[PDB]
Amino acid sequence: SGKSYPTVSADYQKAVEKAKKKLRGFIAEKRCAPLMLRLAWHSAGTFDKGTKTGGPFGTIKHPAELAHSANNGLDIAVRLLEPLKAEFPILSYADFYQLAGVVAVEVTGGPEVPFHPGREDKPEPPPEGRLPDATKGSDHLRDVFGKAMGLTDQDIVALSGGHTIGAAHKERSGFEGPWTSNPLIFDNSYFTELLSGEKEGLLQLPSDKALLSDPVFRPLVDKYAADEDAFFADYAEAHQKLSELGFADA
């Protein structure tokens, strides 16, 4: 694992458990799981291992980081969460947004991603430009997830299945529509649809398509399309790692 999780107080631990339950009801009612998942992923995916900059350290709430074009629309997510966060002043924003990401997966029917508290809020956003480009292919994915974040090729494929919930918006990225027929249900449908090719009303980004043609990504796509249990396992492993980049000695 390579992780040493810090100690937090009993009151901090109580606030986590209470916030997890409040976040479930809220995120379920507001129907905003995919947006919250996108928020935690964009917050965490700025980590660069060589410099140990970026990562899930609460800087995504900064107007400066929200302005990054890859984060178009995430100011909505931040705004939605601010009243709830105010009820848990003991929690770092880093912990709160990561926990909201975990919850987003859980309440849509997804795996139970393990959560460890202790992220401290960092003073300055990372540089813009570290997040992936939907028009690019497999070398780019490996640059971003592997060379920067330090994730594996398996992680890239499983985390891409994050697209099993939610949708693109032509006013945000310019892409438009859901990847799946059930955008509020977390399951292995992203991989099913990607394999079955194009279907009316359904989205596939070039970055999604790049997974089909890579000798390593493709068998993972196939495995996940065949076995949702194996997708859920690899997904929970990868999300945990992502949510913990630069935190607790990795």
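Sequential numbering from 1, following the sequence displayed.
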Per the entry, higher mean C-alpha B factor between 39-47 and 58-66: 58-66
Mean C-alpha B-factor comparison - 238-246 and 19-27, higher one: 238-246
Most elevated Cα B-factor in the entry, residues 106, 95, 124, 176: 124
Out of 111, 73, 89, 117, residue topping the C-alpha B-factor column of the entry: 73
Where the record places residue 138 (Cα B-factor, split into thirds across the chain): highest
Third of the chain, ranked by Cα B-factor, where residue 219 sits: highest
Lowest, middle or highest third - CA B-factor, residue 78: middle
Ranked C-alpha temperature factor of residue 205 among modelled chain residues, by third: middle
Residue 183 by Cα B-factor - lowest, middle or highest third of the modelled chain: middle
